[PDB]
Amino acid sequence: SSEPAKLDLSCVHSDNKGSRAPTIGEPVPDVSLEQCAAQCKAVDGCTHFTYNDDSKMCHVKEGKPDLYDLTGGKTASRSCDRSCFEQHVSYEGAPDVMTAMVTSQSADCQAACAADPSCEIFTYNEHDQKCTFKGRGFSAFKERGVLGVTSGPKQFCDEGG
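Rules and cut-offs
- Residues numbered from 1 in each chain as written, not as in the entry; some residues may be left out.
- Heavy atoms only, no water.
- Disulfide = S-S within 2.5 Å.
- UniProt positions renumbered as here; feature names shortened; annotations may be inferred.
- Helix = DSSP H or I, 4+ residues; strand = E, 2+ residues; numbered from the N terminus.
- Buried < 20%, exposed > 50% of the residue type's maximum accessible area, 1.4 Å probe, protein only.
- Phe/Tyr/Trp six-rings, centres within 6.5 Å; stacked < 30°, edge-to-face > 60°.
- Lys NZ or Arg CZ within 6 Å of the ring centre and 35° of its normal.
- Pairing = 2+ DSSP bridges.
- Axes fitted to C-alpha atoms, helices over the stretch in contact; angles between N-to-C directions.
- Contact = heavy atoms within 4.5 Å.
- Core = buried A, V, L, I, M, F, W, Y, C linked by side-chain atoms within 4.5 Å.

Peer 1: Outline the UniProt feature "disulfide bond" in the protein, listing residues and values.
Peer 2: Look at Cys11 and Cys80: UniProt pairs them in a disulfide, and at 2.0 Å between sulfurs the bond is present in this structure. One end of the pair, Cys11, is in the segment before strand 1 (17-19); the other, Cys80, is in the loop between strand 5 (73-77) and strand 6 (86-87), with 69 residues separating them in the sequence. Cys80 sits in the buried class, given a relative accessible area of 13%. A separation of 2.0 Å between the sulfurs of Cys113 and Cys119 falls under 2.5 Å, matching the UniProt disulfide annotation for this pair. The two residues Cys113 and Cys119 agree in class, both being buried.

Peer 1: Describe in detail the packing of aromatic side chains, supporting the description with residues and values.
Peer 2: Summed over the entire model, instances satisfying the criterion amount to three aromatic pairs. Ring geometry for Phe85 versus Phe122: centroids 5.2 Å apart, planes at 85 degrees, classification edge-to-face. With a gap of 37 residues between them, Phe85 in the loop between strand 5 and strand 6 and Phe122 in strand 8 (residues 121-125) connect regions that are remote in the sequence. With a relative accessible area of 6%, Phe85 lands in the buried category. The side chain of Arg20 reaches across the aromatic face of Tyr68, ending 4.7 Å from its centre. Over the ring of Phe156 we find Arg78, and its NZ or CZ is 5.8 Å from the ring centre.

Peer 1: Please set out the sheet that holds strand 2 (residues 48-52) residue by residue, giving values where relevant.
Peer 2: Pairing within the open sheet is antiparallel, and its three strands lie in the order 3-2-5. Edge positions in the open sheet fall to strand 3 (58-61) and strand 5, since each of these has one partner strand only. In this sheet, adjacent strand axes meet at a mean angle of 20 degrees when their direction is disregarded. Lying on the sheet, helix 1 (residues 33-42) is in contact with strand 2, strand 3 and strand 5; it crosses strand 2 at an angle near 150 degrees.

Peer 1: Report on the sheet that holds strand 9 (residues 130-134), specifying residues and quantitative values.
Peer 2: Pairing in this open sheet of four strands is antiparallel, and the strands run 6-11-8-9 from one edge to the other. Each edge of the sheet is formed by a strand with only one pairing partner; in this case those strands are strand 6 and strand 9. Relative to strand 11 (residues 149-152), strand 8 runs antiparallel, the two sharing four bridges. Bridged to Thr123 within strand 11 is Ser151. Relative to strand 8, helix 2 (residues 106-115) is tilted by about 160 degrees, and along the sheet it contacts strand 8, strand 9 and strand 11.

Peer 1: Could you give me a rundown of the nonpolar core, with the residues and numbers involved?
Peer 2: Most often, soluble globular proteins keep nonpolar side chains buried together rather than apart. One finds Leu9, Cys11, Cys36, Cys46, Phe49, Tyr51 and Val60 to be the most contacted residues of the largest nonpolar core, which totals 18 residues. Elements with a minimum of two residues in this core: helix 1, strand 2 and strand 3. Looking at this core element by element, the count peaks at four residues for helix 1. In contact with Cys36, not counting residues within four places along its chain, are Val31, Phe49, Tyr51, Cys58 and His59. Judged by nonpolar contacts, the second largest core, of 13 residues, contains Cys113, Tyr124, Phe133 and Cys157.

Peer 1: Describe the pairing of strand 8, and please don't skip the residues or the numbers.
Peer 2: The element strand 8 is largely enclosed, with a buried count of five among its five residues. Side chains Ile121, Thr123 and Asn125 project from strand 8 onto one buried face, and the interleaved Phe122 and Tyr124 project onto a second face that is buried too. Hairpin connection of strand 8 to strand 9: four residues between the antiparallel strands, including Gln129 at a positive phi of 60 degrees.

This is the structure we're talking about:
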């Protein structure tokens, strides 16, 4: 009958997390992470989604993540692609453009920054499971060779960057 339920994706918080944001249109129940990921690619205006692993429902959402405790919640960016990311590099001295986030994927930081009109780069602490978002002038406050971080000076690597 096709349409499989919650199949492990590249980017998914998995540790029961959702994100506060407008559910664009209507959710898709009994779908997969991959299928719901395809859903956010089907709807324009979507930066990230929330797969409910309990209700297997797909909540496509609008720009910038907003993680919170969601039982069975699986939230991630519309793109788990990291082809446009820069590994082992941290921008911190740079003036932030967004509030840092705690996620287990550099993807969420991507959807965060790529959704913001004033955001240029981001960095994901692969250690602390954290995001950081910094604006223009980041090059002066750039650290190369930083263990446990992944940066991205572009949009969704698959959808823009």
